[PDB]
There are 2 protein chains.
Amino acid sequence: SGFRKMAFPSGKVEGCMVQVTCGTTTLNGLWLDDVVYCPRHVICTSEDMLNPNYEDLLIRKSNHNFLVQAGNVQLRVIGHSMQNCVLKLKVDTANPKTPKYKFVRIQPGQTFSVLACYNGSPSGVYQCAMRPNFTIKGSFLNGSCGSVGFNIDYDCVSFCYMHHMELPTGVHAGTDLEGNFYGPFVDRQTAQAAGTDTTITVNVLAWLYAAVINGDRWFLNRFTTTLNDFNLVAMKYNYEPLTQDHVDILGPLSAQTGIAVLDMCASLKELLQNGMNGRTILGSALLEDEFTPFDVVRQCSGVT
Amino acid sequence: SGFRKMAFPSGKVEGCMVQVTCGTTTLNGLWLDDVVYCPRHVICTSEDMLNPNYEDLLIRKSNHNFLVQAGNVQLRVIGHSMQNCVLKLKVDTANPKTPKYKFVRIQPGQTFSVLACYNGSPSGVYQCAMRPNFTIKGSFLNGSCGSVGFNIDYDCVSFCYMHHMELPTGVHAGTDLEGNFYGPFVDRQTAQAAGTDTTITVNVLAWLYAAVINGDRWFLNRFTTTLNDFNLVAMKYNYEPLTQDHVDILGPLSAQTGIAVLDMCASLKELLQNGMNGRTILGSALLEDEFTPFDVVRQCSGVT
Ligand SMILES: Cc1ccncc1NC(=O)Cc1cccc(O[C@@H]2CC(=O)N2)c1
Ligand SMILES: Cc1ccncc1NC(=O)Cc1cccc(O[C@@H]2CC(=O)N2)c1
């Protein structure tokens, strides 16, 4: 028992972190096979970031201008190319520590672990969620660009995020490993504001199931609701509308606890309308939305 | 910017996790050099756990009865000994992945990362704190025993915890790597209740400094207090008494923000007396006490 914001073990990803330097800028790169992936803004100066023409900036750059270092050893760069907002540096050595991997573009509401790195060295690991407004609420400082987000299935690492920028609001934006930004963000030091950050309803419900499984049951009530009635409440509180697909994914948790999905929705509804009244749920004084129904099942069953 | 409950990268510790089986019981072991450390209750049956005589139970056990497996390969056990509540299984092969390491017994209020394992395989990593009542609020299921807690300084892993048991209250108890339990707990399936869980005041203050550094300043007020006055409030709210040693450790955070420690104490005092009034601090609706002043400096400076 107990329930924690748990990240995947990061070892398979630590073995892929390298340092990429271009001119005066140093950031993190991801070394998989003979390719090093990193944010394309590694080629920019602080002046360039105001209105960068990446195709023009890359013309003035040769293979020898990209310094790639894995630990204390230098990798020889034999090719370079831009794919959307990432640079792919072909090195002459395949990474011997490359795990089984995939590049996956995640959906909003899905969770992932981040291995924050500086100068190609890992500093920490934490669990994140892709917000419905396509930002992530991470912990990143200058030098953290190129840090990756990922999920692990047995021995396969699914890379889903690469950190590129911090918005003036302190929230984070980045790309998938094909260099496509999540959301409308661009790699330019220009005014970019995030949209409305809605709450991931299906994740809050999954966390309510985790709370019941772990002993915190005070919020269970004698009521039920319908999807349409629940969604009227969800709209008023900037919660994502709950669909039958969401109800379906909550099925294993509903079966385990014996609490119908719509009954748990009625508990959520009263929690939204009345608040916690000074109480906590799984040591939290607010409704947690960064555990998917998969994370709850995984944590409560011990999938390694 | 941003502030997250961040754990250390777990790779150096993943390379040490093995599976230890004795009779019908399987738990996790820590393989460092030619020694595998694991909880001594691996030798017990469910009936034995009621009143186990570990010295007598160990008499009926030989080197060949301890099955140690690292991944898919079996380790040959050439020695076994009991040190307090841990067994030390001498194997004939030094772990090639052994990092630089120390065994350290941590103080209450100090934080550490846990790598939860099942069958010698890592499932997740999370950040914990040794509670003032010597329990930890972790996430552990049956099979997780032998999972370790640790800190990393550059390339040195300081092992500080080994998971042994879950109390009927859902909180966790365990030992340092010399087999000495933190707190009064014993490895026996008997009635054991934890003492009063007090709040780690110096950590709450350090987290208030992290909030100021990250933009959340609403809680800053026009007041100050004294150590004695603050401690009268801290006592009423089951908070650890703040000492001059605590004020001293908060010095770098006080210097960085320009907010005197006693001024931050007055903010904490009003927060304790009036609550959050529906507001949040670093995305939390309660006062967080699982970040030491060292964790705040580390996270806000990017120590890798
Ligand atoms: C310093 C830091 C800290 C944490 N995480 C990342 C960074 N770095 C950056 O943000 C550099 C950068 C890269 C692309 C675009 C860009 O402009 C953004 C877009 C907007 O509003 N400001 C800036
Ligand atoms: C099942 C599980 C889940 C999570 N973490 C650990 C476990 N395992 C245990 O707890 C086994 C065990 C080992 C020592 C003592 C012991 O009795 C405790 C003492 C008390 O009150 N109950 C039990």
# chains A, B, ... in the order shown; residues from 1 in each chain; ligands from 1
$ closest_atom_pairs --of "chain B" --to "ligand 2" --cutoff "9 Å" --atoms "only C-alpha atoms and all ligand atoms" --output "Markdown table"
| residue | atom | partner | partner_atom_place_in_ligand_line | distance |
| --- | --- | --- | --- | --- |
| B:39 | CA | ligand 2 | 13 (C) | 8.5 |
| B:41 | CA | ligand 2 | 13 (C) | 6.4 |
| B:42 | CA | ligand 2 | 13 (C) | 8.9 |
| B:46 | CA | ligand 2 | 11 (C) | 8.7 |
| B:49 | CA | ligand 2 | 16 (C) | 6.7 |
| B:50 | CA | ligand 2 | 17 (O) | 7.9 |
| B:138 | CA | ligand 2 | 5 (N) | 8.9 |
| B:139 | CA | ligand 2 | 4 (C) | 7.6 |
| B:140 | CA | ligand 2 | 4 (C) | 4.4 |
| B:141 | CA | ligand 2 | 3 (C) | 4.0 |
| B:142 | CA | ligand 2 | 1 (C) | 3.9 |
| B:143 | CA | ligand 2 | 7 (C) | 6.9 |
| B:144 | CA | ligand 2 | 5 (N) | 6.0 |
| B:145 | CA | ligand 2 | 6 (C) | 5.6 |
| B:163 | CA | ligand 2 | 6 (C) | 7.0 |
| B:164 | CA | ligand 2 | 13 (C) | 5.3 |
| B:165 | CA | ligand 2 | 10 (O) | 3.4 |
| B:166 | CA | ligand 2 | 10 (O) | 4.0 |
| B:167 | CA | ligand 2 | 21 (O) | 4.1 |
| B:168 | CA | ligand 2 | 21 (O) | 5.3 |
| B:169 | CA | ligand 2 | 21 (O) | 8.1 |
| B:170 | CA | ligand 2 | 4 (C) | 8.1 |
| B:171 | CA | ligand 2 | 5 (N) | 8.6 |
| B:172 | CA | ligand 2 | 5 (N) | 6.6 |
| B:173 | CA | ligand 2 | 5 (N) | 8.2 |
| B:174 | CA | ligand 2 | 14 (C) | 8.7 |
| B:185 | CA | ligand 2 | 19 (C) | 7.3 |
| B:186 | CA | ligand 2 | 15 (C) | 6.7 |
| B:187 | CA | ligand 2 | 14 (C) | 3.9 |
| B:188 | CA | ligand 2 | 15 (C) | 4.2 |
| B:189 | CA | ligand 2 | 17 (O) | 3.2 |
| B:190 | CA | ligand 2 | 21 (O) | 5.2 |
| B:191 | CA | ligand 2 | 21 (O) | 4.9 |
| B:192 | CA | ligand 2 | 21 (O) | 4.5 |
| B:193 | CA | ligand 2 | 21 (O) | 6.9 |
$ residues_around --residues "residue 124 (chain B)" --least-positions-apart "2" --cutoff "7 Å" --atoms "only C-alpha atoms" --output "list in words"
residues 6, 7, 8 and 9 of chain A; 115, 116, 122 and 126 of chain B
$ write_last_selection --atoms "C-alpha atoms" --output "JSON list (two decimals), in the first residue's frame"
[["chain", "number", "residue", "atom", "x", "y", "z"],
["A", 6, "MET", "CA", 6.43, 7.36, -9.36],
["A", 7, "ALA", "CA", 8.73, 7.67, -12.31],
["A", 8, "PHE", "CA", 10.19, 4.83, -14.42],
["A", 9, "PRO", "CA", 13.72, 3.68, -13.51],
["B", 115, "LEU", "CA", 13.89, 2.31, -6.31],
["B", 116, "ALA", "CA", 10.88, 0.01, -5.82],
["B", 122, "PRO", "CA", 12.96, -2.17, -10.83],
["B", 126, "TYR", "CA", 10.24, 8.15, -6.17]]
$ select_by_dssp --residues "region 98-280 of chain A" --states "alpha helix (DSSP H)" --output "ChimeraX atom specification"
/A:201-213,227-236,244-249,251-257,261-274
$ residues_around --residues "residue 254 (chain A)" --least-positions-apart "2" --cutoff "12 Å" --atoms "only C-alpha atoms" --output "PyMOL selection string"
chain A and resi 205-210+212-213+246-252+256-265+293+296-297
$ write_last_selection --atoms "N, CA, C and O atoms" --output "mmCIF file, in the first residue's frame"
data_model
loop_
_atom_site.group_PDB
_atom_site.id
_atom_site.type_symbol
_atom_site.label_atom_id
_atom_site.label_comp_id
_atom_site.auth_asym_id
_atom_site.auth_seq_id
_atom_site.Cartn_x
_atom_site.Cartn_y
_atom_site.Cartn_z
ATOM 1 N N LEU A 205 -10.273 10.522 -11.675
ATOM 2 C CA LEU A 205 -11.090 9.357 -11.355
ATOM 3 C C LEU A 205 -10.223 8.147 -11.071
ATOM 4 O O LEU A 205 -10.481 7.431 -10.107
ATOM 5 N N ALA A 206 -9.184 7.919 -11.887
ATOM 6 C CA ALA A 206 -8.273 6.802 -11.674
ATOM 7 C C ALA A 206 -7.564 6.948 -10.307
ATOM 8 O O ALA A 206 -7.393 5.966 -9.590
ATOM 9 N N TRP A 207 -7.203 8.176 -9.939
ATOM 10 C CA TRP A 207 -6.544 8.466 -8.659
ATOM 11 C C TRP A 207 -7.540 8.278 -7.470
ATOM 12 O O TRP A 207 -7.148 7.812 -6.402
ATOM 13 N N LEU A 208 -8.814 8.558 -7.689
ATOM 14 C CA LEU A 208 -9.860 8.297 -6.708
ATOM 15 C C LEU A 208 -9.977 6.783 -6.470
ATOM 16 O O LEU A 208 -10.078 6.370 -5.322
ATOM 17 N N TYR A 209 -9.878 5.961 -7.534
ATOM 18 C CA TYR A 209 -9.838 4.500 -7.421
ATOM 19 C C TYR A 209 -8.597 4.049 -6.642
ATOM 20 O O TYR A 209 -8.714 3.195 -5.762
ATOM 21 N N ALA A 210 -7.412 4.628 -6.934
ATOM 22 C CA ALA A 210 -6.176 4.329 -6.187
ATOM 23 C C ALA A 210 -6.363 4.650 -4.703
ATOM 24 O O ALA A 210 -5.956 3.862 -3.857
ATOM 25 N N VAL A 212 -9.237 4.622 -2.964
ATOM 26 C CA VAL A 212 -10.139 3.620 -2.383
ATOM 27 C C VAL A 212 -9.364 2.328 -2.076
ATOM 28 O O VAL A 212 -9.484 1.789 -0.979
ATOM 29 N N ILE A 213 -8.546 1.868 -3.040
ATOM 30 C CA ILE A 213 -7.683 0.683 -2.945
ATOM 31 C C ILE A 213 -6.694 0.824 -1.780
ATOM 32 O O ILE A 213 -6.348 -0.168 -1.147
ATOM 33 N N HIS A 246 -13.412 6.879 -21.790
ATOM 34 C CA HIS A 246 -12.832 7.090 -20.465
ATOM 35 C C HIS A 246 -13.409 6.117 -19.451
ATOM 36 O O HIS A 246 -12.651 5.519 -18.691
ATOM 37 N N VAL A 247 -14.740 5.944 -19.452
ATOM 38 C CA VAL A 247 -15.479 4.997 -18.618
ATOM 39 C C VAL A 247 -14.933 3.585 -18.873
ATOM 40 O O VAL A 247 -14.592 2.879 -17.930
ATOM 41 N N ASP A 248 -14.748 3.232 -20.150
ATOM 42 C CA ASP A 248 -14.208 1.941 -20.566
ATOM 43 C C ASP A 248 -12.819 1.705 -20.020
ATOM 44 O O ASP A 248 -12.573 0.637 -19.464
ATOM 45 N N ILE A 249 -11.913 2.689 -20.140
ATOM 46 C CA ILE A 249 -10.542 2.545 -19.613
ATOM 47 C C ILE A 249 -10.533 2.415 -18.086
ATOM 48 O O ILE A 249 -9.676 1.732 -17.531
ATOM 49 N N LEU A 250 -11.528 3.010 -17.407
ATOM 50 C CA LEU A 250 -11.658 2.895 -15.949
ATOM 51 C C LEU A 250 -12.270 1.559 -15.478
ATOM 52 O O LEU A 250 -12.322 1.312 -14.275
ATOM 53 N N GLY A 251 -12.727 0.740 -16.427
ATOM 54 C CA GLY A 251 -13.310 -0.579 -16.228
ATOM 55 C C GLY A 251 -12.529 -1.498 -15.318
ATOM 56 O O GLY A 251 -13.096 -1.974 -14.340
ATOM 57 N N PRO A 252 -11.218 -1.738 -15.554
ATOM 58 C CA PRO A 252 -10.459 -2.601 -14.632
ATOM 59 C C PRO A 252 -10.449 -2.075 -13.191
ATOM 60 O O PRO A 252 -10.520 -2.875 -12.258
ATOM 61 N N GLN A 256 -12.042 -3.999 -10.015
ATOM 62 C CA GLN A 256 -11.238 -4.290 -8.838
ATOM 63 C C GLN A 256 -11.920 -3.809 -7.557
ATOM 64 O O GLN A 256 -12.059 -4.585 -6.613
ATOM 65 N N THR A 257 -12.385 -2.554 -7.536
ATOM 66 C CA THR A 257 -12.980 -1.985 -6.331
ATOM 67 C C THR A 257 -14.455 -2.293 -6.134
ATOM 68 O O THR A 257 -14.948 -2.168 -5.024
ATOM 69 N N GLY A 258 -15.156 -2.651 -7.200
ATOM 70 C CA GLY A 258 -16.591 -2.878 -7.123
ATOM 71 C C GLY A 258 -17.365 -1.572 -7.050
ATOM 72 O O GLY A 258 -18.514 -1.572 -6.623
ATOM 73 N N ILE A 259 -16.741 -0.433 -7.436
ATOM 74 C CA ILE A 259 -17.428 0.851 -7.428
ATOM 75 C C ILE A 259 -17.637 1.253 -8.876
ATOM 76 O O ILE A 259 -16.657 1.433 -9.595
ATOM 77 N N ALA A 260 -18.899 1.350 -9.322
ATOM 78 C CA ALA A 260 -19.226 1.731 -10.699
ATOM 79 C C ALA A 260 -18.613 3.087 -11.072
ATOM 80 O O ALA A 260 -18.448 3.957 -10.205
ATOM 81 N N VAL A 261 -18.215 3.259 -12.338
ATOM 82 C CA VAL A 261 -17.594 4.508 -12.790
ATOM 83 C C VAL A 261 -18.486 5.738 -12.503
ATOM 84 O O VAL A 261 -17.995 6.718 -11.957
ATOM 85 N N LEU A 262 -19.795 5.657 -12.805
ATOM 86 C CA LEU A 262 -20.700 6.779 -12.548
ATOM 87 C C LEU A 262 -20.894 7.084 -11.060
ATOM 88 O O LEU A 262 -21.157 8.246 -10.694
ATOM 89 N N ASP A 263 -20.723 6.069 -10.194
ATOM 90 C CA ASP A 263 -20.773 6.303 -8.757
ATOM 91 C C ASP A 263 -19.541 7.098 -8.355
ATOM 92 O O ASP A 263 -19.666 8.072 -7.612
ATOM 93 N N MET A 264 -18.352 6.729 -8.879
ATOM 94 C CA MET A 264 -17.136 7.484 -8.599
ATOM 95 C C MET A 264 -17.249 8.912 -9.165
ATOM 96 O O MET A 264 -16.786 9.851 -8.536
ATOM 97 N N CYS A 265 -17.936 9.089 -10.302
ATOM 98 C CA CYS A 265 -18.175 10.413 -10.867
ATOM 99 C C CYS A 265 -18.997 11.286 -9.914
ATOM 100 O O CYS A 265 -18.700 12.475 -9.782
ATOM 101 N N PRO A 293 -5.284 5.867 -15.727
ATOM 102 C CA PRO A 293 -5.782 4.572 -15.220
ATOM 103 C C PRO A 293 -4.727 3.447 -15.332
ATOM 104 O O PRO A 293 -4.705 2.530 -14.517
ATOM 105 N N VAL A 296 -2.248 3.761 -12.339
ATOM 106 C CA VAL A 296 -2.840 3.258 -11.111
ATOM 107 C C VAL A 296 -2.759 1.733 -11.087
ATOM 108 O O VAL A 296 -2.186 1.184 -10.160
ATOM 109 N N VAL A 297 -3.213 1.061 -12.144
ATOM 110 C CA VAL A 297 -3.122 -0.405 -12.246
ATOM 111 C C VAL A 297 -1.655 -0.886 -12.095
ATOM 112 O O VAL A 297 -1.381 -1.800 -11.314
#
$ select_by_dssp --residues "region 16-248 of chain B" --states "strand (DSSP E or B)" --output "JSON, numbers by chain"
{"B": [17, 18, 19, 20, 21, 22, 25, 26, 27, 28, 29, 30, 31, 32, 35, 36, 37, 38, 39, 66, 67, 68, 69, 70, 73, 74, 75, 77, 78, 79, 80, 81, 82, 83, 86, 87, 88, 89, 90, 91, 100, 101, 102, 103, 111, 112, 113, 114, 115, 116, 117, 118, 121, 122, 123, 124, 125, 126, 127, 128, 129, 136, 148, 149, 150, 151, 152, 153, 156, 157, 158, 159, 160, 161, 162, 163, 164, 165, 166, 172, 173, 174, 175, 181, 199, 239]}
$ closest_residue --among "A:135, A:83, A:214, A:238" --to "ligand 1" --atoms "only C-alpha atoms and all ligand atoms"
A:135
$ closest_residue --among "A:70, A:125, A:82, A:194" --to "chain B" --atoms "only C-alpha atoms"
A:125
$ residues_around --residues "residue 56 (chain B)" --least-positions-apart "4" --cutoff "12 Å" --atoms "only C-alpha atoms" --output "list in words"
residues 43, 44, 48, 51, 52, 60, 61 and 82 of chain B
$ write_last_selection --atoms "C-alpha atoms" --output "mmCIF file, in the first residue's frame"
data_model
loop_
_atom_site.group_PDB
_atom_site.id
_atom_site.type_symbol
_atom_site.label_atom_id
_atom_site.label_comp_id
_atom_site.auth_asym_id
_atom_site.auth_seq_id
_atom_site.Cartn_x
_atom_site.Cartn_y
_atom_site.Cartn_z
ATOM 1 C CA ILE B 43 14.224 -17.143 5.714
ATOM 2 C CA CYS B 44 10.725 -16.947 7.259
ATOM 3 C CA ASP B 48 7.392 -17.951 11.290
ATOM 4 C CA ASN B 51 7.367 -14.933 16.540
ATOM 5 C CA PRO B 52 10.541 -15.628 14.537
ATOM 6 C CA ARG B 60 18.439 -24.804 9.192
ATOM 7 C CA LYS B 61 19.778 -22.772 6.185
ATOM 8 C CA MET B 82 23.276 -12.210 9.710
#
$ closest_atom_pairs --of "chain B" --to "ligand 1" --cutoff "12 Å" --atoms "only C-alpha atoms and all ligand atoms" --output "tab-separated table"
residue	atom	partner	partner_atom_place_in_ligand_line	distance
B:1	CA	ligand 1	4 (C)	6.2
B:2	CA	ligand 1	4 (C)	8.6
B:3	CA	ligand 1	4 (C)	11.5
B:214	CA	ligand 1	3 (C)	11.7
B:300	CA	ligand 1	3 (C)	11.0
B:301	CA	ligand 1	3 (C)	11.5
B:302	CA	ligand 1	4 (C)	10.9
$ write_last_selection --atoms "N, CA, C and O atoms" --output "short mmCIF file (atom, residue, chain, number, x, y, z; two decimals), in the first residue's frame"
data_model
loop_
_atom_site.label_atom_id
_atom_site.label_comp_id
_atom_site.auth_asym_id
_atom_site.auth_seq_id
_atom_site.Cartn_x
_atom_site.Cartn_y
_atom_site.Cartn_z
N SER B 1 12.79 27.23 -14.29
CA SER B 1 11.78 27.31 -13.25
C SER B 1 10.85 26.06 -13.21
O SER B 1 11.00 25.13 -14.01
N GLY B 2 9.98 26.03 -12.21
CA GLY B 2 9.16 24.87 -11.92
C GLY B 2 9.80 24.12 -10.76
O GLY B 2 11.03 24.20 -10.56
N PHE B 3 9.00 23.40 -9.98
CA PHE B 3 9.53 22.68 -8.83
C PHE B 3 8.83 21.37 -8.68
O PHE B 3 7.60 21.33 -8.59
N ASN B 214 10.57 30.54 -7.47
CA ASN B 214 9.80 30.15 -8.64
C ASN B 214 8.59 31.02 -8.96
O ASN B 214 7.88 30.72 -9.90
N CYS B 300 17.20 24.01 -7.69
CA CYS B 300 17.23 25.37 -8.21
C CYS B 300 18.60 25.76 -8.84
O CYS B 300 18.67 26.79 -9.51
N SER B 301 19.66 24.95 -8.68
CA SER B 301 20.96 25.24 -9.32
C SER B 301 21.35 24.21 -10.41
O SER B 301 22.22 24.49 -11.24
N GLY B 302 20.71 23.05 -10.41
CA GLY B 302 20.93 22.02 -11.42
C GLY B 302 22.15 21.15 -11.21
O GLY B 302 22.86 20.84 -12.18
#
$ residues_around --residues "residue 109 (chain A)" --least-positions-apart "3" --cutoff "12 Å" --atoms "only C-alpha atoms" --output "PyMOL selection string"
chain A and resi 106+112+128-136+197-204+239-240+246+289-295
$ closest_residue --among "A:221, A:81, A:280, A:123" --to "chain B" --atoms "only C-alpha atoms"
A:123
$ closest_residue --among "B:20, B:36, B:152, B:104" --to "residue 92 (chain B)" --atoms "only C-alpha atoms"
B:36
$ residues_around --residues "residue 98 (chain A)" --least-positions-apart "6" --cutoff "12 Å" --atoms "only C-alpha atoms" --output "NGL selection string"
:A and (11-17 or 30-36 or 155-157)
